[PDB]
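Here is the structure we will look at, set down as structure tokens.
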Amino acid sequence: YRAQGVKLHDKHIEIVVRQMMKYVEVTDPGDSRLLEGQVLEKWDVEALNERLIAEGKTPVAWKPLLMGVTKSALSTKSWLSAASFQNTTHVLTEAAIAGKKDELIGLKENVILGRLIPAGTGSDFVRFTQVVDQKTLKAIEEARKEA
Amino acid sequence: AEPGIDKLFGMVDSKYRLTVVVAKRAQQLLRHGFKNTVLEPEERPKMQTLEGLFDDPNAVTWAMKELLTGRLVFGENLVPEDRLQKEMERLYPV
Amino acid sequence: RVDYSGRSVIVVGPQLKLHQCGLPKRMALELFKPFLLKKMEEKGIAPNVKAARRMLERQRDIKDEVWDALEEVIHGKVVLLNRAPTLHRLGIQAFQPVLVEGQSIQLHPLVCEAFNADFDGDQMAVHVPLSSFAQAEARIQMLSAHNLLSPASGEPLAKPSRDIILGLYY
Amino acid sequence: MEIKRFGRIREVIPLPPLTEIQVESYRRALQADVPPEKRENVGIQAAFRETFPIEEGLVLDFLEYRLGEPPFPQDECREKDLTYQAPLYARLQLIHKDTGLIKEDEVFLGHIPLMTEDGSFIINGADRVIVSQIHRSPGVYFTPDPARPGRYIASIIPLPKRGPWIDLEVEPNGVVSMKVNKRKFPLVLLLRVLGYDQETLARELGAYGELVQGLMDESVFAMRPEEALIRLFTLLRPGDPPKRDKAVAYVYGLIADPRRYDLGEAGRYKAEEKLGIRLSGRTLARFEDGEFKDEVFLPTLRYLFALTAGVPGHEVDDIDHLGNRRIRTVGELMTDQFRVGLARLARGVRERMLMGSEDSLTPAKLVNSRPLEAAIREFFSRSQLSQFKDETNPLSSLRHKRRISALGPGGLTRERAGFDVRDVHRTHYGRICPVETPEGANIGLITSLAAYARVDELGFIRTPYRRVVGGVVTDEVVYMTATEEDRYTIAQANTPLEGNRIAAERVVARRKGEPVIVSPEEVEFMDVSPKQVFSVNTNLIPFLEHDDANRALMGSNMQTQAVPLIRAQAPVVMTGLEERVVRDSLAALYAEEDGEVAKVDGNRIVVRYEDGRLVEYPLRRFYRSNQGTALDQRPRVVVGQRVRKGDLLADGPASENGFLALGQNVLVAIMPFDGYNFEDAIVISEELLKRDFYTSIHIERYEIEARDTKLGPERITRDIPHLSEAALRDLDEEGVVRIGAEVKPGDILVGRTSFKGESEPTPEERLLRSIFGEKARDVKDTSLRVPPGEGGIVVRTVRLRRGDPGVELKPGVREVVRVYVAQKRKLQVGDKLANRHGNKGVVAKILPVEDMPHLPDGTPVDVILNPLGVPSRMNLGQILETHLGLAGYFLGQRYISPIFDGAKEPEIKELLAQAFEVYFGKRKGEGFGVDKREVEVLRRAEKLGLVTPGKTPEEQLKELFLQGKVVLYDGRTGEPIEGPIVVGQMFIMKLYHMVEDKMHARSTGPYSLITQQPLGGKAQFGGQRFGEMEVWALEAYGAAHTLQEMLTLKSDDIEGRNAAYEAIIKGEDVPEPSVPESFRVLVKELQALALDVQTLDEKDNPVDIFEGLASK
Amino acid sequence: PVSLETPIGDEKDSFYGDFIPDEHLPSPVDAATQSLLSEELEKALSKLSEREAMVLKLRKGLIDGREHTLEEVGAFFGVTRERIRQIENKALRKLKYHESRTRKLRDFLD
Amino acid sequence: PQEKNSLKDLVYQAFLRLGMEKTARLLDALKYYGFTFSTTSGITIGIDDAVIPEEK
Amino acid sequence: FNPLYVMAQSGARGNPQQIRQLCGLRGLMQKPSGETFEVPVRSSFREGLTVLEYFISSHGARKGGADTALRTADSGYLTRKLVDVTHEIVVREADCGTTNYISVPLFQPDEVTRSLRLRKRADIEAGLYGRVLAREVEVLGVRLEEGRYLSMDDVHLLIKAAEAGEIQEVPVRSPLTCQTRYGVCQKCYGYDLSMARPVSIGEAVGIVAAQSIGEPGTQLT
Amino acid sequence: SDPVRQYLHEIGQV
Amino acid sequence: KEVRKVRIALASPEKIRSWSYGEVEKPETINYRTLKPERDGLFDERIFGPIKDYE
DNA sequence: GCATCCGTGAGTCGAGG
DNA sequence: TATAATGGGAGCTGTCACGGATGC
RNA sequence: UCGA
Ligand SMILES: [Mg+2]
Ligand SMILES: [Zn+2]
């Protein structure tokens, strides 16, 4: 980018690469149900490991896994996003066998269903906000006060 | 740009919350025939017709202009929804 | 594919303010048509909705009052302009439409860089946000004058270029 | 006006007939003017010779064929939407081998489309053009193995679908392998099958060290040709029983059979030249005296071993070299499809010979023409290389006819097309134009034939050269292939010549494409002209040498897009090709012989020749072309005018006095104006509209059908339910709009009524019916109206009825009506303009005359172009054009400046001085001195170093004029433009892309069947597609509600869209959206895949999105 | 019949079926028209007494969907068929007067 | 003198200090006067404007 | 005051190369093989090319065009991949509270491997501007507090301190180190670069990151 | 691979 | 209720039969004259539904 | 462990027919 | 409702990177 | 096939 004269902030590339490092491979199950060589999210294995550590069990031995954007995209938890990306047959078959549940965490799933995306004005942070004028606010406050 | 947009962004912790507040308020004004406005008759947004100045039909314009006056309260869980609805239907019949 | 949309050939907008675009009358009429029917009923131009629509159906049955009615309709509202390919979010921007005679969409010079639009015959699509919510979104967030700087480099996207620079430097 | 012409180069030969690549090909393929006995083995005659005789009556043989006359002329075919074609009869004879009985008959095979005089076709009323196709010439090639350096691959390639490619490669284990239909097998086996003995292979191939030892296998020589043959048949055909006759049949069909395997005549020649041998037939081998006989394989293997060893005289092959790439013209493609259809008919013939009575059979009973007809009709209708003709202007048709495509049937697939095929090969010189080619994904695949280029009988492109002997340049012209051209040193056409002798001791020449400086003693050949390096379109660009190749490409392309103008005029500056183009395009009417013109009329020109015979030439008037541009001829002569042979009679469309006129000559100033010319936008004077410059006629065709239905017949009638006289005013008695009426959007072109569908009136309908006391009519209004943003004056009405003479429609159709609506288009904001140099832009502003920058004498300019457009585009040709056009504006003359032999700078300077004398001296005679503003500008220019200080005002003004710059006054102020501005005459065309055609908008409209989403397209009154990327845009903006609005209310949510519309017309805010229909479609389509898709709540309990409609 | 998947311009771009409008499902304009029609019909039937309005609604079948005879409406309200046919007549005629005066229902007649 | 970079920096600094509304007004101003002056300035392109230096 | 010179200098139009082609020599050209012709075009467009020269040019022109044509598809595909991998990432909260961070180097090893040298200003800016400090930084008598969003002036200051040898690297909150699930926090992301202020929670930065990377893609040569 | 060939084989068995 | 999740799994033949409103017996679409759905065909109204609203 | 075949992908809108 | 008839026939293939199964 |  610098070579071609394009000014671009590192943070974006960092976002992508962050999605590339999302996965890990098990080097030993310990006390878990996981299998040696099994691949899963770093998050879920950290959760499983803190749950096993809090339980006094042996944590899972894992190794960092670096994958490219295509594989990382196809490897996500949401089957709607994956199936809509590409290799639809594979994604669909594997997901259907596993009886997978898409939790609609991302944008693409909600876009498929035509729901309100969990971003911007649809973010659960800002979407429940209310607006009331002082006249109405006091009119309700009096009803609250009389009871 | 929208007049006083910097101040509006200044009011909120997330720009999207500003958008939500403005839209909801505009819906309130639309539903109630503007009867609930916090704007004095001089502060009323005006459209220029062939005849002359009339009330600005745009509820969003009204919403932002109201919001600028600080006469509105925004936030999360200020009141049960149905309560707000019915109290506003009482005060301002539509 | 969506409703309340249209497209046409773009043309330079030099008179337009940063927040504005020239929108042809015919396009505007068709796009806003239900609002125009309602407004036509509010005023004395038609007894009801259906008579109004039947009135608009033929071109020679269109009279002058309907245009002022249309002008009353669009007031304060914005439309979305989009040029393909849309590479980043600035390939879509919001503008207050200003009705113009002629069939071409007028586009502000300063947003030409973000759209990567020039005058060699590029075309743009128009979309109409309906709900108060959609319009509030487009007006606060998506307004051309509300995004000055690149989401990518943080540097100004809308800046003087071509003749502007030429004149100022001169 | 007088036409001055420049340049020192005298063209020896003229440009060959420009459409000949089509005409001569198709003629050669037909031979309808040739008596059947004198016809050659090329063409459909060849196909007949290949297909017949048909055996196993028993024998059905071919004698001859003939083509009758077309049942309809061309104009009538265009009228009735028929195909212009001639009936094909074939004389055949059935022969019983035993009986000896011979039954001969002439059978009708259906119709073959006939190419018109101009080189195009008419298919179903539509003019079409069959584009030539470039491909790899058949032959034997040798290319380096990418994986194994030092090792090479042999490839034997026949004509497309003439049988398999074959690969000879030397394996890592040393054995020599052959690949056929993706099967690797040792070549030694097949060699044995050919009857080769270890002795012969040892003596022939032994010379090369250790290579022949990889060819040595004892187990192969241990079996006779039969055993080896059956072995090979077992190798290439797993599971199929290895019968002797079946093996012989398969191998024969694969290798020796001419009816299956055919190298080109070209392929044969190339094989002979490369391998240094001679081929009896066109196959790889033969069947002679019961055994197979080698032709190709052994010399090929020899060459492969020689190349691999490093034996000198054996080189690889460049497959992009124009000697190895040939051209399949219309004749060859049509011939191929003819061969296919014929073979189908042959299969049908044997199938017919098996069945039926063996005694009584006639050629009529055996032959079913249907498959052949199907093949031909399919080729002319649905083929890739059969394209809707571009008629926009004559140059469009001409160029379209000269196109070369690397795609199509038998051609490359886009995925297989890399840089190589798209590149400009060194051998393209004089053959394929380096400039003209599409921008975008099609680049390099579609090309144009060079101006002087010729395609020989083999299919290779040849370019003319001049023989040079002992430093003397002859008038002898030699057309060479690329392979031939590579043999000589060839000097450039601009090489200085005194008389016929080369005048310089250092000349610029080419050896195998490489530029080299040589002596006149070393010059074998010399270019005919620079014109031969470029296409026709590229050769229409003056000062091409001053333009960068990309913008040159753009202008070259944009010339075909020029819309014919009513006032259209030839360029002030031409290349001198503007005449030949109009002539070869058959756009303009010409005089056949010498004589006197008897009659001149708008519709007609009658000429008496020297023979005394009266010839009446009709004139095409206001005919609608494919793209809808008006095509009409106007008479250029007058009563009693004496005319010679080849003299102009009528000017075709886009023509002025026999010269090609693609646009207007306008007076331009180059300078920014108030941001209105910003980024390629253009500013025009209203004076252009006033005098009707850039105005064009456009005809649009509307059609309708009244047909028989099961609810009762539709009918065209003036009786339309619920319509006043206001609506029916311009309709005639029969319900068809009158000729000459003015139609606007919503108006009725053709009245039509159709019986309503079976209708259960909803209670509202019944109650309203009763209220207004009116019976609901049987029919309803289907009438064809004017589409939004269309209309004009009706110039024609055609009506065809069932049961009327000469009229038979498709089954069920009662009547067909066509309304033709003309419209006259003035230039307007949003319309596209361009010059020949690649400068293009849409008009953004039209200023009233008083606002235009003007000359001191008060003359306002026409167009204002932004100078910022020049420097990065690097096309300077438009500047020189403009200057010389200023000169031509004042002297009142036009010029001819050929590309690479163009009007140089000093000459333009001279003409500019001569112009200045007129532009100024006139003023000084009128009794006017220099203006104050002129003085200010002159001070500004003195500071600019533009003029020499100390000179008089007039001297400096002239100094500016010689630089092509003048003083300009702002129309709004009266104050001068601070600097001198470049002003002159430029040739600008109005292109076909016009905002009137391109503007569209929709509120709501028709929807797709399955998805319930808006239809696409302007013609369908459909919505704009909001794609994945626009969804990304909205997401990135974080506007959730606008996006959700797009995904539901605006497209596929039926409940949501209905509710939304009702809410808006009622004046209420739009309702919360529901589940979009296409998601339900997704769910169902997944259920059809036996996959259970359940939408669940947070409690994991199913939620019905079908609302119980889908649950029992 | 012909395949909806038939290509028109070559292959990938579009299908023959992509140009075919759906004539079954009512356009939003149509549904809105029926909505305004039902609403305006109720607006016209509110200017009549509830009995004659109900008689008209039964006779035209705006209630249960089907149109009753004179004997069934006569047995529903408890009068003679002549009486109910005449109530239907006076209701229809009062609707004629209301319509001629206001001119609200004319447009829907197409 | 004011060229692309300095104008861009002006726009950025104006954004930071005075906010986007005022920045929009500034941009429109610059557009106006820029076009205005570029029109009357006398900028053009002649063939002699491309100068072959002797040193060549 | 020459038009070409002015247009080039101001940045209105043109670069030295195109100007050279108009005035000085057109220059060397490529053979189709990528190999360069030993004989350059000595002509400008002002003078005009010989037909042979023009022909030599068309190789390069065509190669360029075909190359761009083939490139835009790859750019598009890349962009789509990026969008699909980044789409679920939105700013979900104010702080994930992670104590982790990344250290942006202000210095890079020289190619001679002789010493370390200061990075180019553009690059430092590209890794610094609009980012929250994960630790206290005291340089040039100025305190930059933990949690501070670095403005452009902050970055220029840090560069100045780097030149004076006070700081060789800057600790910074980054999306790499953010512990927010299904997204990033506000502090790790820093500025919303369009508004030059801290990013508003709920902004979907995944699509912005992908679009930001994708758009220039056809410009890369 | 090819059902026709396979069936012709299975037919050639009897 | 609101849809918070989408599950995909295999359909047992019993489930497939539970979905069905009937078995299509004949490979027939519509009648060559009446142009109406054939009985026990792919378009049969007896299975998939009425062609006209409430009829 | 390392050649090889198989399946999978390969830019967006818009126009014409 | 009856001579006897018994294994098909198309078929040009100028791209590339990858992942996963397979073959020595 | 064409336009960006
Ligand atoms: Mg463009
Ligand atoms: Zn964080």
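By order in the structure tokens, chains are A, B, ...; within a chain, residues start at 1; ligands start at 1, following the order shown.
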
Tell me which protein, DNA and RNA residues are within 7 Å of range 19-25 of chain B, counting only C-alpha atoms (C1' of nucleotides), leaving out same-chain ones fewer than 6 positions away, and put them as a CSV table (one decimal) with N, CA, C and O atoms, in the first residue's frame.
```
chain,number,residue,atom,x,y,z
A,121,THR,N,-27.8,1.9,14.5
A,121,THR,CA,-29.0,2.2,15.2
A,121,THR,C,-29.7,0.9,15.7
A,121,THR,O,-30.6,0.9,16.5
A,127,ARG,N,-30.4,1.2,21.0
A,127,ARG,CA,-31.7,1.0,20.4
A,127,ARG,C,-32.9,1.1,21.4
A,127,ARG,O,-34.0,1.3,20.9
A,129,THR,N,-33.2,3.2,23.8
A,129,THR,CA,-33.2,4.6,24.3
A,129,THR,C,-34.6,5.2,24.1
A,129,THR,O,-35.3,4.9,23.1
A,130,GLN,N,-35.0,6.0,25.1
A,130,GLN,CA,-36.4,6.6,25.1
A,130,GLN,C,-36.3,8.2,25.0
A,130,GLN,O,-35.3,8.7,25.5
A,131,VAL,N,-37.3,8.8,24.5
A,131,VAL,CA,-37.4,10.3,24.4
A,131,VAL,C,-38.7,10.8,24.9
A,131,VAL,O,-39.8,10.3,24.5
B,60,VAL,N,-38.6,15.2,11.4
B,60,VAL,CA,-37.2,15.0,11.8
B,60,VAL,C,-36.5,16.4,12.0
B,60,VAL,O,-35.8,16.5,12.9
B,63,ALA,N,-37.7,17.4,15.2
B,63,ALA,CA,-37.1,16.6,16.2
B,63,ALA,C,-35.7,17.1,16.6
B,63,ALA,O,-35.4,17.3,17.8
B,64,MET,N,-34.8,17.4,15.6
B,64,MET,CA,-33.5,17.9,15.9
B,64,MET,C,-33.6,19.2,16.5
B,64,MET,O,-32.8,19.5,17.5
B,74,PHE,N,-33.6,12.3,27.2
B,74,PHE,CA,-33.3,11.0,26.5
B,74,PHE,C,-32.6,10.1,27.5
B,74,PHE,O,-31.9,10.5,28.4
C,132,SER,N,-39.5,7.5,9.1
C,132,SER,CA,-38.8,8.5,9.9
C,132,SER,C,-37.4,8.1,10.3
C,132,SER,O,-36.5,8.8,10.4
C,133,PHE,N,-37.4,6.8,10.6
C,133,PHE,CA,-36.1,6.2,11.1
C,133,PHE,C,-35.1,6.2,10.0
C,133,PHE,O,-33.9,6.7,10.2
C,136,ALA,N,-34.0,9.7,9.2
C,136,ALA,CA,-33.1,10.2,10.3
C,136,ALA,C,-31.7,9.6,10.2
C,136,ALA,O,-30.7,10.4,10.4
C,137,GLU,N,-31.6,8.4,9.8
C,137,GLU,CA,-30.4,7.7,9.6
C,137,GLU,C,-29.6,8.4,8.5
C,137,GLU,O,-28.5,8.8,8.6
C,140,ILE,N,-28.7,12.2,9.5
C,140,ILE,CA,-27.6,12.4,10.5
C,140,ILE,C,-26.3,11.7,10.0
C,140,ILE,O,-25.2,12.3,10.0
```

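Using only C-alpha atoms (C1' of nucleotides), we find that the part of chain D lying within 6 Å of chain K comprises residues 160, 161, 410, 415 and 416 of chain D.
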
With N, CA and C atoms retained, could you export that selection as a PDB file, in the first residue's frame?
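See part-v1.pdb below for the written result:
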```
ATOM      1  N   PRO D 160     -11.273 -27.589 -35.585  1.00  0.00           N
ATOM      2  CA  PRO D 160     -12.181 -27.770 -34.444  1.00  0.00           C
ATOM      3  C   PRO D 160     -13.292 -28.787 -34.701  1.00  0.00           C
ATOM      4  N   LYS D 161     -13.452 -29.721 -33.764  1.00  0.00           N
ATOM      5  CA  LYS D 161     -14.447 -30.794 -33.839  1.00  0.00           C
ATOM      6  C   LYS D 161     -14.266 -31.663 -35.085  1.00  0.00           C
ATOM      7  N   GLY D 410     -15.799 -23.344 -30.408  1.00  0.00           N
ATOM      8  CA  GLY D 410     -14.478 -23.768 -30.838  1.00  0.00           C
ATOM      9  C   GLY D 410     -13.391 -22.801 -30.399  1.00  0.00           C
ATOM     10  N   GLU D 415     -12.065 -18.032 -19.118  1.00  0.00           N
ATOM     11  CA  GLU D 415     -11.200 -18.521 -18.054  1.00  0.00           C
ATOM     12  C   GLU D 415      -9.844 -18.983 -18.589  1.00  0.00           C
ATOM     13  N   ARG D 416      -9.816 -19.405 -19.850  1.00  0.00           N
ATOM     14  CA  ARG D 416      -8.578 -19.867 -20.475  1.00  0.00           C
ATOM     15  C   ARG D 416      -7.828 -18.748 -21.187  1.00  0.00           C
TER      16      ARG D 416
END
```

Hey, can you check how far CA of residue 617 in chain D sits from CA of residue 649 in chain D?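 Those two atoms sit 9.3 Å apart.
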
Quick one: which residues from chain C are at most 10 Å off chain L, using only C-alpha atoms (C1' of nucleotides), as a list in words?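 So the residues of chain C near chain L are residues 83, 84, 85, 117, 118, 119, 120, 121, 122, 123 and 124 of chain C.
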
Selection from above, C-alpha atoms, as a PDB file, in the first residue's frame, can you write it?
```pdb
ATOM      1  CA  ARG C  83     -22.576   4.944  -8.070  1.00  0.00           C
ATOM      2  CA  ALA C  84     -21.381   1.439  -8.890  1.00  0.00           C
ATOM      3  CA  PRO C  85     -19.032  -0.162  -8.150  1.00  0.00           C
ATOM      4  CA  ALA C 117     -17.550   9.731 -10.451  1.00  0.00           C
ATOM      5  CA  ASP C 118     -16.761  11.812 -13.505  1.00  0.00           C
ATOM      6  CA  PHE C 119     -18.721  13.371 -16.340  1.00  0.00           C
ATOM      7  CA  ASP C 120     -17.841  11.004 -19.189  1.00  0.00           C
ATOM      8  CA  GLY C 121     -21.341   9.488 -18.930  1.00  0.00           C
ATOM      9  CA  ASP C 122     -21.329   7.896 -15.483  1.00  0.00           C
ATOM     10  CA  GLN C 123     -24.798   7.081 -14.127  1.00  0.00           C
ATOM     11  CA  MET C 124     -26.151   7.031 -10.593  1.00  0.00           C
TER      12      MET C 124
END
```

Selection within 6 Å of ligand 2 by only C-alpha atoms (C1' of nucleotides) and all ligand atoms, output as a compact mmCIF listing (two decimals) with C-alpha atoms, in the first residue's frame:
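See result.txt below for the written result:
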```
# COMPACT_ATOMS: atom_id res chain seq x y z
CA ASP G 95 -13.88 -1.22 27.45
CA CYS G 96 -13.08 -4.94 27.39
CA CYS G 178 -8.91 -6.67 22.40
CA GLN G 179 -10.76 -9.30 24.43
CA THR G 180 -14.28 -8.28 23.37
CA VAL G 184 -13.94 -5.04 19.61
CA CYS G 185 -14.26 -2.42 22.34
CA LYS G 187 -10.72 1.86 23.65
CA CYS G 188 -8.90 -0.78 21.60
```

Closest to chain A among G:49, G:69, G:90, G:172, using only C-alpha atoms? G:90

Please list as JSON, numbers by chain every residue within 7 Å of residue 88 in chain B, counting only C-alpha atoms (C1' of nucleotides) and excluding residues in the same chain fewer than 4 positions away. {"A": [136], "B": [84, 92]}

Convert the current residue selection to file output with N, CA and C atoms, as a PDB file, in the first residue's frame.
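Wrote part39.pdb, looks like this:
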```pdb
ATOM      1  N   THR A 136     -44.732  15.822  29.493  1.00  0.00           N
ATOM      2  CA  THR A 136     -45.168  14.435  29.591  1.00  0.00           C
ATOM      3  C   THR A 136     -44.427  13.706  30.713  1.00  0.00           C
TER       4      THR A 136
ATOM      5  N   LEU B  84     -46.059   5.516  28.825  1.00  0.00           N
ATOM      6  CA  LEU B  84     -45.717   6.656  27.984  1.00  0.00           C
ATOM      7  C   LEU B  84     -46.733   6.836  26.857  1.00  0.00           C
ATOM      8  N   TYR B  92     -52.244  14.588  24.562  1.00  0.00           N
ATOM      9  CA  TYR B  92     -52.324  15.061  23.183  1.00  0.00           C
ATOM     10  C   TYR B  92     -53.089  14.068  22.309  1.00  0.00           C
TER      11      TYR B  92
END
```

Can you tell me, as a PyMOL selection string, what residues are no more than 12 Å from residue 27 in chain D when counting only C-alpha atoms (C1' of nucleotides), ignoring any on the same chain fewer than 3 positions away? chain D and resi 20-24+30-34+39+42-44+114-117+119+329-332+334-335

Give me, as an MDAnalysis selection string, the residues of chain F touching chain D, with the criterion being at most 10 Å (counting only C-alpha atoms). chainID F and resid 31:50

Those same residues, written as a compact mmCIF listing (two decimals), in the first residue's frame with N, CA, C and O atoms?
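This went into result39.txt:
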```txt
# COMPACT_ATOMS: atom_id res chain seq x y z
N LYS F 31 -14.79 26.00 -3.18
CA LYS F 31 -15.35 25.58 -4.45
C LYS F 31 -15.72 26.79 -5.30
O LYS F 31 -15.26 26.93 -6.45
N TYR F 32 -16.55 27.66 -4.72
CA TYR F 32 -17.04 28.83 -5.43
C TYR F 32 -15.90 29.69 -5.99
O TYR F 32 -15.76 29.83 -7.21
N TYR F 33 -15.10 30.25 -5.09
CA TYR F 33 -14.06 31.18 -5.52
C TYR F 33 -13.03 30.49 -6.42
O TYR F 33 -12.50 31.11 -7.35
N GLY F 34 -12.76 29.22 -6.15
CA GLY F 34 -11.84 28.45 -6.96
C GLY F 34 -12.30 28.38 -8.41
O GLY F 34 -11.56 28.77 -9.31
N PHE F 35 -13.52 27.91 -8.62
CA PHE F 35 -14.08 27.85 -9.97
C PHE F 35 -14.09 29.23 -10.62
O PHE F 35 -13.66 29.40 -11.78
N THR F 36 -14.57 30.21 -9.86
CA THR F 36 -14.70 31.59 -10.32
C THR F 36 -13.40 32.13 -10.90
O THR F 36 -13.36 32.63 -12.03
N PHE F 37 -12.34 32.01 -10.11
CA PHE F 37 -11.03 32.52 -10.49
C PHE F 37 -10.38 31.70 -11.58
O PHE F 37 -9.70 32.25 -12.44
N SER F 38 -10.58 30.39 -11.54
CA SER F 38 -10.03 29.52 -12.57
C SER F 38 -10.63 29.86 -13.93
O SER F 38 -9.98 29.70 -14.95
N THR F 39 -11.87 30.33 -13.93
CA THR F 39 -12.53 30.71 -15.18
C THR F 39 -11.87 31.91 -15.88
O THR F 39 -11.62 31.88 -17.08
N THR F 40 -11.61 32.96 -15.11
CA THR F 40 -11.11 34.23 -15.65
C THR F 40 -9.59 34.26 -15.75
O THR F 40 -9.02 35.15 -16.38
N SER F 41 -8.95 33.27 -15.14
CA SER F 41 -7.49 33.24 -15.03
C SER F 41 -6.77 33.19 -16.38
O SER F 41 -5.67 33.72 -16.52
N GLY F 42 -7.39 32.56 -17.36
CA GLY F 42 -6.81 32.49 -18.69
C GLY F 42 -6.11 31.17 -18.96
O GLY F 42 -5.35 31.06 -19.93
N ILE F 43 -6.34 30.18 -18.10
CA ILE F 43 -5.72 28.87 -18.27
C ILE F 43 -6.23 28.20 -19.54
O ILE F 43 -7.43 28.07 -19.74
N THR F 44 -5.30 27.76 -20.39
CA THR F 44 -5.67 27.10 -21.64
C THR F 44 -4.57 26.12 -22.02
O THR F 44 -3.56 26.01 -21.33
N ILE F 45 -4.75 25.39 -23.12
CA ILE F 45 -3.68 24.55 -23.66
C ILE F 45 -3.51 24.74 -25.16
O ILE F 45 -4.38 24.39 -25.95
N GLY F 46 -2.37 25.30 -25.54
CA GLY F 46 -1.98 25.36 -26.94
C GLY F 46 -0.90 24.34 -27.18
O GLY F 46 -0.36 23.78 -26.22
N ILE F 47 -0.57 24.10 -28.44
CA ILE F 47 0.46 23.12 -28.74
C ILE F 47 1.84 23.63 -28.33
O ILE F 47 2.72 22.86 -27.94
N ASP F 48 2.02 24.95 -28.39
CA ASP F 48 3.28 25.57 -27.98
C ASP F 48 3.45 25.56 -26.46
O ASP F 48 4.51 25.90 -25.95
N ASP F 49 2.39 25.18 -25.75
CA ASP F 49 2.46 25.16 -24.30
C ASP F 49 3.24 23.94 -23.83
O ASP F 49 3.73 23.91 -22.70
N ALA F 50 3.39 22.95 -24.70
CA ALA F 50 4.26 21.83 -24.38
C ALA F 50 5.62 22.19 -24.94
O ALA F 50 5.83 22.20 -26.15
```

Pull out every residue of chain C that has at least one atom within 7 Å of chain D, counting only C-alpha atoms, and report them as number ranges by chain. C: 1-9, 11-12, 14, 27, 30-31, 33-35, 37-38, 57-59, 86, 88-89, 92, 102-104, 118-121, 129, 131, 133-134, 137, 141-142, 163

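Interatomic distance, CA of residue 599 in chain D against CA of residue 565 in chain D: 26.4 Å.
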
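Computed from the coordinates, the CA of residue 208 in chain G to CA of residue 17 in chain C distance equals 27.0 Å.
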
I'd like to know which of G:157, G:89, G:162, G:133 is closest to chain D, using only C-alpha atoms. G:89
